[PDB]
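Colleague: Just so you know, the protein sequences line up as chains A, B, C and D, in that order. In terms of our numbering, the first sequence opens at residue 25 and continues consecutively. In terms of our numbering, the second sequence opens at residue 14 and continues consecutively. In terms of our numbering, the third sequence opens at residue 16 and continues consecutively. In terms of our numbering, the fourth sequence opens at residue 5 and continues consecutively.
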Amino acid sequence: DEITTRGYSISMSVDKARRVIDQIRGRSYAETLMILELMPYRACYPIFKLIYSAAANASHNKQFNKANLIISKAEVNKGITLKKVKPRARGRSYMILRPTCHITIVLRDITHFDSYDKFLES
Amino acid sequence: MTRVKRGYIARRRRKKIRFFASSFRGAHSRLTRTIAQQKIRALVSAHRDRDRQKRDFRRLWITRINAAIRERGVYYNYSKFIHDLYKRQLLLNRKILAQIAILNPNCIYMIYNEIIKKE
Amino acid sequence: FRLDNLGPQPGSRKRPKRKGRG
Amino acid sequence: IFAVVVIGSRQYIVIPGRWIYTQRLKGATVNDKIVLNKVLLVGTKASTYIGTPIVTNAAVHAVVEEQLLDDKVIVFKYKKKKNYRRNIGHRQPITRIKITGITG
RNA sequence: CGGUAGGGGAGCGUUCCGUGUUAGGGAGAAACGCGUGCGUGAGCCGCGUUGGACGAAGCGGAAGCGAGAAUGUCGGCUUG
RNA sequence: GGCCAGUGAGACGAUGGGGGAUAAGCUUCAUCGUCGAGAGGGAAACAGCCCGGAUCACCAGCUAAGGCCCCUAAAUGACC
RNA sequence: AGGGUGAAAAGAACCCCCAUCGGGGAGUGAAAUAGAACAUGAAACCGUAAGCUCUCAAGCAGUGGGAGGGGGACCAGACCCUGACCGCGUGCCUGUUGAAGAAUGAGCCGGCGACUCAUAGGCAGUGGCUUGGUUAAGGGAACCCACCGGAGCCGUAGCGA
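#1: Any C-beta of chain B sitting closer than 7 Å to the C-beta of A50 (chain D)?
#2: Exposed or buried, which one is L72 (chain D) when buried takes at least 16 other CB atoms within 10 Å?
#3: My guess is that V130 (chain A) and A41 (chain A) are in contact by the Cβ rule of under 8 Å, so how many angstroms apart are they, rounded?
#4: When the cut-off is 7 Å and only beta carbons count, does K81 (chain D) lie next to chain B?
#5: According to DSSP, is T99 (chain D) helix, strand or coil?
#6: Taking the straight line between their C-alpha atoms, what separation do you get for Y118 (chain A) and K107 (chain A)?
#7: Is DSSP giving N79 (chain B) helix, strand or coil here?
#8: Helix, strand or coil for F80 (chain D)? Go by DSSP, reduced to three states.
#9: How do the region 29 to 39 of chain D and the region 53 to 69 of chain D stand: do at least 3 beta-carbon pairs fall below 8 Å, yes or no?
#10: Assuming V59 (chain D) and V46 (chain D) make a contact with CB atoms under 8 Å, what is their CB distance in whole Å?
#11: If you draw a straight line from the C-alpha of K90 (chain A) to the C-alpha of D39 (chain A), how long is it?
#12: Whole angstroms are fine: how far does the CA of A98 (chain A) sit from the CA of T45 (chain B)?
#13: Who are the neighbours of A59 (chain B) on chain D, taking C-beta pairs under 7 Å?
#14: In whole angstroms, what separates the C-alpha of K108 (chain B) from that of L116 (chain B)?
#15: Report the rounded CA-to-CA distance for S35 (chain B) versus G93 (chain D), giving the unit in angstroms.
#16: Among D:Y88, D:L29, D:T99, D:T52, which one has its Cα closest to the Cα of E69 (chain D)?
#17: Using the beta-carbon of each residue, which ones in chain D are nearer than 8 Å to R63 (chain B)?
#18: If you measure between the beta carbons of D25 (chain A) and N92 (chain A), is that distance less than 7 Å?
#19: How is the beta strand (DSSP E) around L45 (chain D) delimited, first residue to last?
Listed below in structure tokens is the structure:
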């Protein structure tokens, strides 16, 4: 876990969300920023500034180039909920909960090792 | 009455039941009750399989030879076979020693000609 | 003369034992 | 060699080169040699078969590998009609053998 | 030597106290794993990690002495 | 004889008799056994029927009841 | 309902992304895998990654036998973790002659929650004394509830209104 940046106490959810990060996982820093800008989901934010947050900083803070960057870890967890009350019928069948999210991803270089070799007689 | 505070005491009375539950398929290893009804099974069946383990093979040995009888010649019964050794005087070659059928079937072939001579 | 091995063995009371059964 | 000795109530075909967790052998101490002339079956080319109980000649020789209850299996039972949960561990020195001399 | 209600006969552990500013600890309690060794059993002993302070061997004494169900109580957290 | 109990609406099968049509695992008594406070083997599956009535381990043998074509081990064994 | 970061807060300048909410670094501290949701922070619950099993197989599904596979072994010696398949196999408790259920109670977890105490009497074990044994109130220069106090109660002879 090289660089891990994001936040908490988000106004989103844990169900509707996450389904967006599960698609950017194992994807480069580009293949992830070219899909979010097309995702008609609210989860796209502040998850949009997220992929950009994990990056950029890891460029001047650590020795990580803009390329070879791939979302290694990513998961949405439920934080603190608030027990609200809403009338309906004598007030009894109610609890209410606001599943907040505080995802925490991380970026890192990519392995891979290519070394093509051929013979060219002349 | 302010008890002596169970605290960690009642904490060890449940986790100990969890350690035992670390190889079950269902969720009978993530709840004291789901395991409670699970341990009892491995508490009764265990008291059975221990005595059943002997019987479980009692049928096996006989089945091992049974599958070896339908090829030789004594299509009758392996009982007469045991009867031969009984009337003979061979306290060996037991249901467990019947493993001579699968491996080295040359030794189990000798007794085949010794049972006929006796009876 | 005490044996320097960390562990005295005098003879006091230690305990009043028990008093009957039940 | 296909030997059939007696552990007191058990009669395995203990093939030379393998160990057998026998019962208690008060007669034999730790790392001591044991001989059971009660063997029935014998390898030597063709599986020989003696008449009178056990064998009259030859025998089995080996050395015990220390006695110990190995692992407490801890047997137990249970009842439904009434809560009766009890546990009991069985020792059993499971004294292992050895032997090596093999033959057809 | 199956065993309910019951009767009788033996013990472990927890808080505290007497025997203890003796001894163990910052070269370090508590929380979790493991060695799956040990006892008939509830458990005990040793130890790694984490973690942050004291706790407490043995016998006895005094207990508000360990519950997964009493449409329990309080709080938190699943499912539809 | 003394200390502490528990339990008083039990059920079923065989046998000997009252109730009902000698109809009911129905009901009410006596006797024995089982269940009820003991599994298991067998009757396909049925606690109360039958055998046998479990300190424990054991890839150890022989039997009871019930069976032996296959399915779950065991005679399409012999004679009429 | 709601307790305590640390010894003192030095409780976080500046720098980078964002709407000058939020986070990550740079630093301070023995610690912030202690920083205002903050100490040690388990369980129920909710996820990621890794090994194995997983579409022709079914019934509170574990257990006994048990192949293969991903690793760890020993200079074979056939073992330590997952488990295809196979023989059996209808939770617990309470209440009942009798249920697994269409008998009932229970969503899960932590904590919490049911024969204790006073006086007196009758027994059992044990201890001191002994046909004798033993006090209650009170007094007390009391490291101490001792001593004194035996007023009183119980027993060895009983029986009868």
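C-beta atoms are modelled at their ideal positions from N, C-alpha and C, and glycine is treated no differently.
Modeller: Inspection of the coordinates gives the following:
#1: With a threshold of 7 Å between beta carbons, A50 (chain D) makes contact with chain B.
#2: Taking every protein chain shown into account, the CB of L72 (chain D) has fewer than 16 other CB atoms within 10 angstroms, so this residue is exposed.
#3: Distance from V130 (chain A) to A41 (chain A) at the Cβ level is roughly 18 Å; contact not present, criterion being Cβ atoms closer than 8 Å.
#4: Using a CB distance cut-off of 7 Å, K81 (chain D) counts as an interface residue toward chain B.
#5: Coil.
#6: Rounded to the nearest angstrom, the two C-alpha atoms are 9 Å apart.
#7: It is helical.
#8: For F80 (chain D), the three-state secondary structure derived from DSSP is strand.
#9: Taking 8 Å as the limit for Cβ pairs, the verdict is that the region 53 to 69 of chain D does touch the region 29 to 39 of chain D.
#10: About 7 Å; that satisfies the 8 Å criterion.
#11: Between the alpha carbons of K90 (chain A) and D39 (chain A) lies a distance of about 31 Å.
#12: Note on geometry: alpha-carbon atoms of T45 (chain B) and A98 (chain A) lie some 33 Å from one another.
#13: Neighbours of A59 (chain B) in chain D, taken as residues whose beta carbon is under 7 Å from its own, are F80 in chain order.
#14: Rounded to the nearest angstrom, the two C-alpha atoms are 15 Å apart.
#15: Cα to Cα, the separation comes out at about 21 Å.
#16: That would be D:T99, whose Cα lies nearest to the Cα of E69 (chain D).
#17: The contacting residues are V79.
#18: It is not a contact, given that the beta carbons lie outside the stated cut-off.
#19: Premise fails: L45 (chain D) is in no beta strand (DSSP E) and is neither H nor E.
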